[PDB]
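*Asks:* Make a model of this:
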Amino acid sequence: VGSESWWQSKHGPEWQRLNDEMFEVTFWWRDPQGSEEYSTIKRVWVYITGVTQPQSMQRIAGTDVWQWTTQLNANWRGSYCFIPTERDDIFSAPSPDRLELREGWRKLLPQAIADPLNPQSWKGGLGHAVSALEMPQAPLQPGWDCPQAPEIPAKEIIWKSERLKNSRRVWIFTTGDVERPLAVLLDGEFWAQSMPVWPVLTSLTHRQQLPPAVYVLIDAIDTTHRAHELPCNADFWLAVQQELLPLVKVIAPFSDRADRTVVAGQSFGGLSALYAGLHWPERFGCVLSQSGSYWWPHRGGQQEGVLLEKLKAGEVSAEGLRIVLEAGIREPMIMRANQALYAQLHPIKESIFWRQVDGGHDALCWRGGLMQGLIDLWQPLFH
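*Replies:* Numbering: from 1, shown residues only. Coordinates below:
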């Protein structure tokens with residue numbers, strides 16, 4: 001116990017079913033600073049997305065082994081991280097009200113890390129690494145169940161925008177070999193380097209639920225740009241349509257039918273995607289919005305989003321749009337903004353794929369609604 005051979009047998013969280021409908025899960029973490037005599041580390045918080053009154057892990061005394069044991073639904077899937085910290089003044093008061101939590105986690109997350117023993121760990125969105133946890137009854141995810149390595153790899157270029165005054169990476173991936181539908185994916189870096197979307201796109205076209213398509217993944221660059229360009233920015237989409245699509249056409253030709261062009265985003269990208277179809281239905285007729293930030297730009301839920309306001313004012317219309325609209329239950333405020341947007345899209349409820357899902361504000365949940373959405377929106381291609 002604590003020995004190197006004891007650790008070599010450990011490759012991530014272990015679980016065993018307690019009910020038919022509950023699992024017991026245990027996490028391990030090996031302290032790199034040894035036992036309590038030499039180690040700077042007093043607490044190790046486990047921060048589960050969707051789930052997280054807070055508990056640290058527990059040191060078996062005289063070893064480098066920190067351990068923790070919880071319970072998660074047999075159908076539960078989400079990501080987590082560790083936060084080993086030198087300070088145990090945070091989260092010492094027996095039960096915090098909310099303010100203390102926001103504040104507490106605010107100071108800790110900087111130190112967040114993935115689980116070094118868990119293979120399924122990536123560099124994620126909010127500035128720390130996370131790891132992946134899936135439980136046995138977890139709802140199937142199209143294509144992720146079956147990575148089939150791609151035949152030809154995706155093309156990484158550098159789009160130099162004259163309009164935006166920046167450059168960014170773009171990835172061009174073609175499934176199908178000789179009018180391919182186009183799909184623009186925002187947060188491109190992520191679906192390209194964090195959770196390579198390729199082997200998934202290959203498998204699903206291979207087993208013929210995705211048509212041979214062309215995919216363009218656009219770098220968000222950084223948080224400031226993403227915070228300026230994704231949320232309701234006309235210039236971004238004009239640059240895309242004028243400079244990027246044309247540049248892509250030379251590399252990988254796609255159809256110009258709107259009813260088979262897709263824009264797919266999450267959070268700010270979800271907002272962005274809807275904004276793309278609302279304003280340019282002649283170019284983007286397919287909208288896949290997951291966990292879309294329809295509160296923007298108002299923190300609180302006090303005011304409706306700009307985009308919602310703008311529908312209410314009939315300043316914009318959602319004519320000629322098939323849209324997939326997805327939001328989790330474990331993300332309370334986004335769900336309310338999304339069902340509020342749904343209600344305001346009463347007129348075209350016919351051409352909307354409404355999906356209230358199990359999951360959270362989680363790249364591990366989104367990835368399966370991403371694939372399902374593509375399938376839902378391109379199904380008319382198999383008439």
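
*Asks:* only C-alpha atoms for contact and neighbour calcs from this point on.
*Replies:* Will do.

*Asks:* hey, where'd the helices end up in the stretch 251-383 of the chain?
*Replies:* Ranges of helices in the stretch 251-383 of the chain, per DSSP state H, counting those that start in this stretch, are 268-279, 306-312, 332-344, 363-378.

*Asks:* then the helix or strand where residue 204 lies to CSV, C-alphas only?
*Replies:* With secondary structure defined by DSSP states H and E, residue 204 is part of helix 198-206. Taking C-alpha atoms only, helix 198-206 is exported to CSV below (Å, rounded to 0.1, in the frame of the first residue of the first chain):
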residue,chain,number,x,y,z
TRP,A,198,-11.8,12.9,-36.8
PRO,A,199,-11.9,9.2,-35.9
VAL,A,200,-15.5,9.8,-34.8
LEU,A,201,-16.5,11.5,-38.1
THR,A,202,-14.8,8.6,-40.0
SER,A,203,-16.6,5.8,-38.1
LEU,A,204,-20.0,7.4,-38.5
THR,A,205,-19.7,8.1,-42.2
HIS,A,206,-18.4,4.6,-42.7
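
*Asks:* ok, residues contacting that helix?
*Replies:* Contact with helix 198-206 is made by 142-144, 146-150, 153-154, 173, 175, 192, 210-212, as judged by Cα atoms under 8 Å, 6 or more residues apart in numbering.

*Asks:* Check stretch 77-89 too.
*Replies:* Here stretch 77-89 has contacts from 40-50, 108-109, 111-115, 129-135, 138, 359-360, 362, 364-365, using Cα under 8 Å, 6+ apart.

*Asks:* returning to what we had before: next, the angle helix 363-378 makes with the helix holding residue 204.
*Replies:* Interaxial angle, helix 198-206 versus helix 363-378 (axes from the mean of the first three to the mean of the last three Cα atoms, to 10 degrees): 30 degrees.

*Asks:* If you count neighbours, what's buried in the helix or strand that helix 198-206 is followed by?
*Replies:* Using DSSP H and E, the helix or strand that follows helix 198-206 in sequence is strand 214-218. The neighbour-count check on strand 214-218 (16 or more other Cα atoms under 10 Å) flags 214, 215, 216, 217, 218 as buried.

*Asks:* In TSV: those, plus distance to residue 164.
*Replies:* Below are these laid out as TSV (distance: Cα to Cα, whole Å):
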residue	distance to residue 164
214	24
215	22
216	18
217	17
218	14
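
*Asks:* Please, where are all the helices along the stretch 101-250 of the chain?
*Replies:* If DSSP H, counting those that start in this stretch is used as the criterion, the helices of the stretch 101-250 of the chain fall at 188-189, 198-206, 223-229, 234-239, 245-251.

*Asks:* In CSV: those, plus distance to residue 314 and mean neighbour count.
*Replies:* CSV is the format used below for these (distance: least, Cα to Cα, whole Å; neighbours: other Cα atoms under 10 Å):
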stretch, distance to residue 314, mean neighbour count
helix 188-189, 32, 21
helix 198-206, 37, 21
helix 223-229, 24, 13
helix 234-239, 18, 16
helix 245-251, 29, 14
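
*Asks:* Quick one: closest of those to residue 24.
*Replies:* helix 198-206 (30.3 Å; Cα to Cα).

*Asks:* if I pick the most centrally placed residue in the chain, what's in contact with it?
*Replies:* The residue lying closest to the centre of the chain (Cα atoms, centre = their mean) is residue 363, at 2.6 Å. The contact partners of residue 363, by Cα under 8 Å, 6+ apart, come to residue 124.

*Asks:* Repeat the analysis, applying 10 Å as the threshold.
*Replies:* For residue 363, the contact set (Cα atoms under 10 Å, 6 or more residues apart in numbering) comprises 78, 79, 124, 125, 132, 190, 191, 194, 195, 266, 370.

*Asks:* same check, this time on residue 175
*Replies:* Neighbours of residue 175 in contact, by Cα under 10 Å, 6+ apart: 150-154, 198, 201-206, 210-215.

*Asks:* ok, now with 8 Å
*Replies:* Under the criterion of Cα under 8 Å, 6+ apart, the contact list for residue 175 reads 201, 202, 205, 211, 212, 213, 214.

*Asks:* How much space separates the first one from residue 18?
*Replies:* Going back to what we said before, that points to residue 201. The gap separating residue 201 from residue 18 is 36 Å, by Cα to Cα, to the nearest Å.

*Asks:* And for residue 243, the neighbour number?
*Replies:* Look at residue 243: counted by other Cα atoms under 10 Å, it has 16 neighbours.

*Asks:* Identify the bridge partners of the closest residue in space to it that isn't next to it in sequence.
*Replies:* Counting by Cα to Cα, 6 or more residues apart in numbering, residue 161 is the residue found nearest to residue 243 once chain neighbours are left out, at 7.0 Å. According to DSSP bridges, the partner residues bridging residue 161 are residue 166.

*Asks:* Assess the claim that residue 161 and residue 247 are in contact.
*Replies:* No: with contact defined as Cα atoms under 8 Å, residue 161 does not reach residue 247; the gap is 11.1 Å.

*Asks:* Wait, a helix at residue 37?
*Replies:* No: Residue 37: not assigned to a helix; according to DSSP: H, G, I helix; E, B strand; the rest coil it is coil.

*Asks:* give me phi/psi at it?
*Replies:* Main-chain dihedrals, residue 37, degrees, to the nearest 10: phi -70, psi -30.

*Asks:* Count the neighbours of it for me.
*Replies:* Neighbour count for residue 37, taken as other Cα under 10 Å: 10.

*Asks:* sorry, back to before: spit out the contact partners of the residue nearest to residue 243.
*Replies:* 167, 239, 243.

*Asks:* For the second one, list the residues it contacts.
*Replies:* Counting by Cα under 8 Å, 6+ apart, residue 239 makes contact with 161, 162, 163, 164.

*Asks:* who's in contact with the third one?
*Replies:* Residues in contact with residue 163 (Cα under 8 Å, 6+ apart) are 235, 239.
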